[PDB]
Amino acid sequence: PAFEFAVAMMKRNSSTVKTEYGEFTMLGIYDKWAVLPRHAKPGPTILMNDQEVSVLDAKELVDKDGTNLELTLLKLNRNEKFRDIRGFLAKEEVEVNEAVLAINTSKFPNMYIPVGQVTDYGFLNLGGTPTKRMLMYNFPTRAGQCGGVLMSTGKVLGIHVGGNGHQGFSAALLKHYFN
């Protein structure tokens, strides 16, 4: 049932974004607020589904010590509101036995990957940057999956932010980031 959930979530709330740093999946959360991996480094405008969109505000998330969470929240200059999905976000990191990672890019158009068990992995030195609140799964290979959305039935768990060739890692998407 997690696939059907995932498909509906991507159709309603996801888009493809290009920055000067690459092409990513982007997830809208509520109102005009969306999330990207921090390494996407959006500038004053982005390409969203090939359309130039101005960014009104951006926030690189850190914990109370200033430690990296690998998430950027961005507020978009567009008329339409995102369907509010804050009810699908947990208050704390979620472990599950079965999850689905969903990707929306030119390179990976509308793809769904069963990744299996998700663990609350904790700290990771990601790209030289100590990073917290990582969710880990078995995941061959790499490339253009960043921004992919990690889900289980009725839950949005996290955003895919990197990998080591064998394991993948998502930044947990927690309720308190969004009010």
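The numbering used is simple: start at 1 and walk along the sequence shown.
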Name the higher of the two by mean Cα B-factor in the PDB entry, 168 to 176 versus 3 to 11.
3 to 11
Per the record, averaged over C-alpha atoms, which has the higher B-factor: 56 to 64 or 139 to 147?
139 to 147
B-factor third for the C-alpha atom of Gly122 within its chain:
highest
Among the modelled residues of its chain, the C-alpha B-factor of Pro114 falls in the third labelled middle
Thinking about Cα B factors across the chain, which third does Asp31 belong to?
middle
Within-chain third of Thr72 by Cα B-factor, per the entry
lowest
